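Step one of this worksheet: look at the structure below.
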Amino acid sequence: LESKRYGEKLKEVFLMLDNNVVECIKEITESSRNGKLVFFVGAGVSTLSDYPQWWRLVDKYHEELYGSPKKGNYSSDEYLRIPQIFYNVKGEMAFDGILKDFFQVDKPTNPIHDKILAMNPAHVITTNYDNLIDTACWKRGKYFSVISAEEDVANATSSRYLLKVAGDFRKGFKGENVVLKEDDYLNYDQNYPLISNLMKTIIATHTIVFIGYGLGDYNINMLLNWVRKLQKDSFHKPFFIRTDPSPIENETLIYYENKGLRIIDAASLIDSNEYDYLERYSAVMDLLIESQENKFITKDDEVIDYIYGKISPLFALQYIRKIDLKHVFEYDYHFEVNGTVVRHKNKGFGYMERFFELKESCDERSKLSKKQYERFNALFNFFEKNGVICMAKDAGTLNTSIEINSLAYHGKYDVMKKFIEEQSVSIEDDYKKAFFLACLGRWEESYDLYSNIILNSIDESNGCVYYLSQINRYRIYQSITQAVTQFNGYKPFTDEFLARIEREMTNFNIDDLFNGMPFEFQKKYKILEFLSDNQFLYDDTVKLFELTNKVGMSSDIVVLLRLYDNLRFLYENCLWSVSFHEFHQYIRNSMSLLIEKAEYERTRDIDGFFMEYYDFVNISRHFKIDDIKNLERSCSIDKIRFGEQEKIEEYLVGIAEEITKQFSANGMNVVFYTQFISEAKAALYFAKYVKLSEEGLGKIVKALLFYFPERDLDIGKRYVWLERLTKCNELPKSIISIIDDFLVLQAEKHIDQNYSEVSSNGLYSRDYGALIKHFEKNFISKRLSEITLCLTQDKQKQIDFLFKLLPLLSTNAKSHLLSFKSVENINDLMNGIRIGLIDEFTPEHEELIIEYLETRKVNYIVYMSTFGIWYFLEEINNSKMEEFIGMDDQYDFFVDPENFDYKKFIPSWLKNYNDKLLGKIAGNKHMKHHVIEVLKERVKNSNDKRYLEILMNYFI
Amino acid sequence: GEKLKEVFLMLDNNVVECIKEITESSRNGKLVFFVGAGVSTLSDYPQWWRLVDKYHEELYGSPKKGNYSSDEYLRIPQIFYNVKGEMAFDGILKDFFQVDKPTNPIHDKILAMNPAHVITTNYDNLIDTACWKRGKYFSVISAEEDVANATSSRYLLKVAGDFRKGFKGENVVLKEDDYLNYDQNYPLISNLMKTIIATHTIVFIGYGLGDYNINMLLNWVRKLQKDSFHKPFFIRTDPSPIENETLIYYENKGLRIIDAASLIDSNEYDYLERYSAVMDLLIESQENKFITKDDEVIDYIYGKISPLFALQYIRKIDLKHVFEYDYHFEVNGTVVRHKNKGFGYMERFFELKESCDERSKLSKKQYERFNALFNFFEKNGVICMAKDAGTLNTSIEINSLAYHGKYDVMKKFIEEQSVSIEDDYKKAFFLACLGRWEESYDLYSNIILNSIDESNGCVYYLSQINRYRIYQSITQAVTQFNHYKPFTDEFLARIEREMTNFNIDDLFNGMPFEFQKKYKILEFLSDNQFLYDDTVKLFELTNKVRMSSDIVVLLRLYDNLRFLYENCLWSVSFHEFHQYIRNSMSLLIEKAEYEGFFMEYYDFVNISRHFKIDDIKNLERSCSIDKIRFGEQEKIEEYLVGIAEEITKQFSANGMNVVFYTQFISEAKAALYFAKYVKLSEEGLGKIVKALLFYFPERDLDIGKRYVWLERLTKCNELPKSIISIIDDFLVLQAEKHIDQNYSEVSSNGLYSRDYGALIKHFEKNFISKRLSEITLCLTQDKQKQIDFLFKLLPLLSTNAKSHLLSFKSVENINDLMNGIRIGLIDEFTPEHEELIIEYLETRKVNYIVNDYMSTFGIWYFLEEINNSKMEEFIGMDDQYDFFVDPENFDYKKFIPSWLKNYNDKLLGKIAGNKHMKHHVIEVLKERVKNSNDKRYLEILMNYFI
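Respectively, the protein sequence lines represent chains B and A. Those letters in the first sequence? Residues 6 to 494, 504 to 565, 577 to 632, 644 to 898, 912 to 1005, by the authors' numbering. Those letters in the second sequence? Residues 12 to 493, 503 to 566, 578 to 626, 644 to 898, 910 to 1005, by the authors' numbering.
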């Protein structure tokens, strides 16, 4: 109501203002924004809080000295001599008693004591000897180190000095702690030598505003005398706020403006009464505050100039996140991840709304100055590149697609190398090369290049490429230090280099990296202060909590877009913090929680989340095989599907091609190797869910099982990867040839007798042959057959290994191998030599195993589980079956099943049985309900998962 | 390397304290290196004696035997300037000083100490080049016109001038005239130099004890007060050792002379050796040090924990940050060394624990410090070093009346007068937990105002943060409140005028530089870095498990709760912490099923305050909390009794606080719903049931949800006589409220007050209600709504009440027909009930051409009670009914795989006995248990179908 009227009054006052006062306000606001504003409030400020004046105390001194008050008024000297006459004649204790009974009072702070601190002054120099400004600072939440005496100058903890040049009363209401009289003003430079120098240092290095003074004060003229001693242009002219009832005469204005003061009169700027001081004090102060709050921005040239002044620093950076953009305009607007802007704290003009109004209409944009037109063009290009498209009120359709156009993210190691081995056009060109060297391993060269960038950019404006290079040098140093903490302590780095980085990065304080910047990289780029901190994704990891709660931007889309923004900020701006454990943990948690939340919503069918190329790259880079396995044993990835299968295929091919460039060619790069092999393992493991072309699967499989390292992927892991790949494709014959080539290579490596495949899952070359047969039963491995035909009798390792691959051979090959059969096998057909030599259990086998089972009767009444499985599968069929009853429990279970006691049937057999056998036990009469009941009793009173995957899969 | 610590051993007491102060100032960013001409000489920069001799050579013959005096050092250049001119002076300056000397290592040892400023008396560029090479930005200030235009806060202040504006005699202070009117030509440079000298630690290097600059500086320091200034740290590296009389003379003049000739035996020309000796001493002293004896283990640890004595409890995660990541204080009480490459002070300290032989050697003041440190480590739960011990007793105990729900003792503390600011700090948080946010904000502001002396500053910072969070709570409430608005608009004006432009991220950065060093762990309370480590561990452990992991989650959660509730921080009542508690406890309880989690009193209060009813239902569906016991069931019972008494005091005793209500009604509802799992005494049962059925407001718990809560209560506690009487009183109250024709049970799930009669009967089957029967015998035949109520409670009435009621109420509507099915005395289905079902079906057909019971009519048709084959002619849209009356036509794809949860034993057995529906239902249940984690479907599968 009345506040709005006061705002309109301030607006029209600013509109009807000369260029001198608006320039004074502009400089005061720019000092308040650079953190260089220092207020020099005086006695007039505290009087508005009704604090006792000094004419009252000099009146008391005159009344207690001469018996009566003054016959008129006191001059400047009589304000300093009558207290001195009282001190010299009466004494000290009476002086302090009067000071106590006049100054012990407690008065509340006036609103101007809060308007003063609302401008965020660097220091507050005060001539007041009262704790009113101390009270305002303490209530406001700003710790201003109070410096009352010279014992406080050295003991001033913080760098925010609340300097009381006249003294204070915190050490008692005595005259020795304040400057009040003669012999205390004459003796000020020899009783107060350290706050005088501190006041004269704050004044010379900052911007000074004199608030509560008249242009006749001792504490104004003594400073005007000191600046007269100074040189010309050696110091900034201090600002002076004048709030006297009468307007300033032009002669006095000229006199005090040539003396050093930039007077901002209030009686010549507002209309008020003689005794209305709080109106004048709260007029110019309100003018500065509302100017800082952007309440006086009217022209579209000032709209463009404000946004340009806040954004055009960030032109050096290749991407700025929406969170960073919010931090730019002091939380006035919320730039959302989808690109819509909403006003949050802007209490002044809508400069962003006006900017987008200029964007939509070309005719109003033409109604602008040419320089401001080009500034608008620059801002428009910036905002359309970063994704800020318009306000939410005017938001219509908007596609949220990400584009991280950095060669480091997309793989592209060969293009990265080609870019590295070139001539650097500029320093920002060398910054990309340094980050790229860090990406593909060469951390020594990356550290050296970052040092060179720092050296060349020490003396250079807009020092992002200096600051960011220092940060990435400290992070590549941390990466080297951690590399030789866990890989050592092969040999990645030399010892001369390590000593050099420890002799260079000895006391590099990353905390003080931002505070060591030249005060322009403190305001223009305060959005980059978060990079020097050790942890910077804490505002994002706790946003993942909105994902895990169970009951146009939901929680799913906003965290994925914020993940993309963090990814596009580190990869496009080439920041090495993208490889640390914090960012890897962030990506892991965010993608895992996104997939888990999608699975939770999908499983609410009791009453999604397609992932594109940029998601596949993240689950290949920042995930591990265990983490993807943890997602596999939970979320149904078979439904979360995949998109952009052409770019995922080229990603996997570039990963597969680099695999056959690091093992086929001479690639050690052991620090690059550990990261890249994790990426390759995760990518080729996650490639089960993407459809690949014939040549795509051809190159990837050929990499997987010819050029992948043996140590990282054994033959079992290679088979698991291969089977996961062959699920989705149909395994074209060009790739079955590749698997056959692997088998012939392993057979030829088995020519050397002292060789044995080491597998971690027990899954071997026989199962590669099984995969070949189970997609193509009509297949004869020709080269394997040539090995069979030209194989000697005494090459035992080849004999057994290539026996394990019998179906893949010809009939002549089979007979050449079976030239060394066994007929002494007591049961040696499936102990280690199980391939499928069974086919028909002829009496050459059947009767001989029956003789062995007679020997087993001899061993029992005075190898079995396979007899039971074999007979129940009708593989043994003879009248000699029901001879040797009374043997092991499983014999009674399988051989005489319609009389068996299934209570003795051990529960764990079904966990180690054969799946086709469980399929056969499903269809029968008695074993049907008995395995039903034993498996049900396992489901209730036991704690595993094997029994549940049999009851529900087979039977019913 | 080791010779440096040998020198450390040989250091005198006066030297070893000087290095400690210098290193401390370097770590506090208060070091300023006053470099001189003895350091640039190590680079072989042309000394002024060569140029004085050159001025002598071009003007005064050639040499001057005697090496000149200081007056002769400053007069021959002045005589040359006066007579031979200025251009010749500048020409000789250009001939000598335009050189490219390489920077000596001391230039890099100075900047390796991280000096705040560098006040050089040299006119050279070697320190500028050293800063440029190292990577330090120093705003070089050579002239007066650069003081105001200083780019950075760090100053490379060249007091004597510099040749960066040309090799001229005007830009430097070299002659006698330049040294006489120096303060007339350089006022701002002098003021800056004196301000830096007064407000920093000056470490003069490269000077002699003569050195006119040093003499003028000491003369100026003489004019200062007695102990106003700090004493500068002169580094003397002259060849001869300093005479003791000279050191006495200069030490009383201001300088703290660190000698080098009395520090290392070197030649008469090994200046680099002495400079490097002192500089390397300082640099190697930066890394911890000063901790060799047992009386220094109790001052370095007391130098990092004695601030933390005002905090009532701190986290072990915070304890890791306290000791600069030297040790990783684990949550079970072990202290794993992480980056303590120097002396093992934790090991030594825990060795001085017990072991009275070691403690007796310790000094008496160090003994009190050790007792304080031991009490601190005992209170916070730190036991000892990692490899030592291992028993590691659990059970963190949060002692706070806010956590335990003591809403009456908190009021007592609030009402009583307080004797300390920390008592008001507890009182303000107690007010905040009690809803009274206005008095909370006012008392917090009073604490900030009255924390003036308070040299710790942790009762001002925590109160400022808590006032910010209570202001956020008030603003978010009045935003959400749009009940009533409890805060007067004057209060909103006060909180939005005082607490505007107050950013919480500027509070810590702006504190005393001591408070930013000690109480550093308090800086996470502003932003969300407070939970960052614990949230990361929670996410990683949620991925992993699905000193053992389950214990790691629990102990970290209890650490976070004991940091917030015991320190009385309002950050506990915010969203992020609530989600942290909820996710951690959900992870623990889910981990229990994979195994076991005992669950204690401290768990029950956590799953009541921070969980919601929806999350409770999620945990009950997914996992099983039934077999998971709840340990201490007497402290849980007192908690539930306190909650019942609080809702009683809130509703039946008129006075209620809406801001307190909004927080407490989300916890009372959760605890009384989670009270199923705890055994409750008859007294506690009666209290919380008579507070649930009568005093819980109907806007937050209607009849149906009240009944859900009540059936949950009567599972582990049965339904005794006193609770039966309570439910009877509830039914009586409902009857006298339903005497009015405009009253109706508004239920959100469909379990009306008839179900309460069913619950009473289910545990009794013979509870004749005397008062309800008395209510029945007032039949006026116009008070229908009442007759219908007691019709729904017909089994609860007596034989006379049944006789009077059934003489008026009969079966003439579908609703009272299904009510008759529920209450009984229908059983036999005479044709009128079947055709009544058909009439309801007709009224449904009227909608069909264009709250459902067609499901239970399909149920009845499957249950072979009704047999009218015309019901198939009225096949509708509810596919339960299509399933039940036409199994073959019903496609089971549209069968929502719910509806099996709410089926009885007999009906599920009936679906078991029909081929098509049976096999389709195995398919449905199978896919349900593979995709969904609910166990009810699995129970159905192997109770009726497997």
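The beta carbon of each residue, even a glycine, is placed where N, CA and C say it ideally should be.
Quick check on the DSSP output: the beta strand (DSSP E) that includes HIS415 of chain B runs from which residue to which? Per DSSP, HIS415 of chain B belongs to no beta strand (DSSP E) and is neither H nor E.
Could you name each continuous alpha helix (DSSP H) segment of 4 residues or more that falls completely within the region 793–862 of chain B, going from the start of the chain to the end? 801–811, 818–825, 832–839, 847–853
Name, please, each residue of chain A whose Cβ falls closer than 7 Å to the Cβ of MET936 of chain B. Within chain A, no residue comes near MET936 of chain B; the closest Cβ sits about 32 Å away, beyond 7 Å.
Alpha carbon to alpha carbon, what distance is there between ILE541 of chain A and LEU527 of chain B? 21 Å
Is the distance from the Cβ of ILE216 of chain B to the Cβ of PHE44 of chain B below 8 Å? yes
I need the DSSP call for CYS469 of chain B, collapsed to helix, strand or coil. helix
Would the beta-carbon of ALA321 of chain A fall within 8 Å of that of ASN467 of chain A? yes
Would you tell me roughly how many angstroms separate the C-alpha atoms of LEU62 of chain B and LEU104 of chain B, rounded to the nearest one? 8 Å
Could you give the distance in angstroms between the alpha-carbon of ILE213 of chain A and the alpha-carbon of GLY47 of chain A? 12 Å
Taking 8 Å as the CB-CB cut-off, is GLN475 of chain A touching chain B? yes
Could you name the residues of chain A that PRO532 of chain B contacts, counting a contact when the two beta carbons are closer than 8 Å? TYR148, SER150, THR162, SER163
Please state if the CB of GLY872 of chain B and the CB of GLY798 of chain B are separated by a distance shorter than 8 Å. no
Where the beta strand (DSSP E) through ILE268 of chain B begins and ends: 267–270
By how many angstroms is the C-alpha of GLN475 of chain A removed from the C-alpha of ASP249 of chain B? 37 Å
Cutoff 7 Å; reference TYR261 of chain B; Cβ partners in own chain excluding five residues on either side: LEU220, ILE268
For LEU42 of chain B: DSSP bridge partner residues: B:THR212
Quick one, which residues of the region 191–218 of chain A are near chain B if we go by CB-CB under 7 Å, in chain order? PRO198, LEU199, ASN202, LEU203, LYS205, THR206, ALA209, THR210
Using beta-carbon positions only, say whether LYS169 of chain B and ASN133 of chain B come within less than 8 Å of one another. yes
Quick one: residues in its chain with C-beta nearer than 7 Å to the C-beta of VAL584 of chain A, no 5 flanking neighbours on either side, listed in chain order? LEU558, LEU561, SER615, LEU618, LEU619
Mind checking whether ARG145 of chain B and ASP173 of chain B have CB atoms under 8 Å apart? no
Using beta carbons (cut-off 8 Å, strictly below), is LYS564 of chain B in contact with chain A? yes
Ordered along the chain, which non-local residues of its own chain (more than five positions away) have a Cβ less than 7 Å from that of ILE695 of chain B? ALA716, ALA739, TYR743, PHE744
Proximity test, Cβ basis, 8 Å: residue 503 of chain B and chain A: Absent from the coordinates is residue 503 of chain B, which sits in the stretch where chain B moves from 494 straight to 504.
If you run the structure through DSSP and keep just helix, strand and coil, what is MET866 of chain B? coil
Smallest Cα separation from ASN598 of chain A: which of A:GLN487, A:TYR472, A:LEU15? A:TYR472
Please report how far the alpha carbon of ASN224 of chain B lies from the alpha carbon of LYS304 of chain B, in whole angstroms. 41 Å
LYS179 of chain A: contacting residues in chain B (beta-carbon distance under 9 Å): By Cβ distance, chain B contributes nothing, its closest Cβ being about 17 Å from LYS179 of chain A, past 9 Å.
Ignore the nearest five residues each way along the sequence and tell me which others in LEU42 of chain B's own chain have a CB closer than 8 Å to its CB. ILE33, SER36, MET124, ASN125, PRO126, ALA127, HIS211, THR212, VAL214
Is the region 925–936 of chain A touching the region 876–887 of chain A, taking contact as three or more C-beta pairs under 8 Å? yes
Tell me, please, whether the region 308–318 of chain B touches the region 264–283 of chain B by the rule of three or more beta-carbon pairs shorter than 8 Å. no
Assuming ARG587 of chain A and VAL342 of chain A make a contact with CB atoms under 8 Å, what is their CB distance in whole Å? 5 Å
Cβ closer than 7 Å: which chain A residues qualify as neighbours of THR520 of chain B? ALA123
Please determine if the region 759–774 of chain A and the region 726–739 of chain A are in contact, where contact requires at least 3 C-beta pairs separated by less than 8 Å. yes
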